[PDB]
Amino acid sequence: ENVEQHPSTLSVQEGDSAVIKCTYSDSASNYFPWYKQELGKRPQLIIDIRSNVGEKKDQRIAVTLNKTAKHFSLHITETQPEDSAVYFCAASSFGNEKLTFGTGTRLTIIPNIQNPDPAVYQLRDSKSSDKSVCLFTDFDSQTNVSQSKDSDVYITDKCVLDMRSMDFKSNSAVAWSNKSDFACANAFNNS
């Protein structure tokens, strides 16, 4: 008895809808919960549906169930950045209350940056390390940040931060090295 889940990964622009589909094998399945799991954390129960009902909505999320086709789905409308997580569907039956889970969907919401102002800055050295650190910040989400092509320089992926009360969000990536010839200007890429 297995639960099949698609897609395994999914990127959707902030504000657009996200849809995940599952199929299950046992016709006796009568309970269908959905879990949202953040990195380093527990699957959090966000919504569920039972075999006597074809649809259920709660705020931005909806679930549908088609017992005949043994299909069930999760819809997230107007996605927000905090919707980024791995989502799991699951199923159980009257006699067997254990859950069997799908393989998961890593959902990435691409943040919408309102007034991009891409710039590279250099940060003040730490007295406790030989490293110099560059910060690429305030760029549009479509901007490429490629990983290091030099064994002695380290470049991180992009991450978005949110400054509450300022209605402000910004992407950044970090580059660093202890090499003597390391320069922040064009430590990254592009337009």
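Residues carry their position along the shown sequence, with the first being 1.
Between 126-134 and 39-47 (mean CA B-factor, as deposited), the higher: 126-134 has the higher mean C-alpha B-factor.
Stretch exceeding the other in mean C-alpha B-factor - 12-20, 175-183: Looking at the record's C-alpha B-factors, the answer is 175-183.
Chain thirds of CA B-factor: placement of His71: Highest third - that is where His71 ends up once the chain's C-alpha B-factors are sorted.
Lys158 - Cα temperature factor, lowest/middle/highest third of chain: For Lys158, the deposited C-alpha B-factor lands in the middle third.
For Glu97, the third of its chain into which the C-alpha B factor falls: Its C-alpha B-factor belongs to the middle third of this chain's values.
For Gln114, the third of its chain into which the C-alpha B factor falls: Its C-alpha B-factor, which the entry lists for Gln114, ranks in the highest third among residues of this chain.
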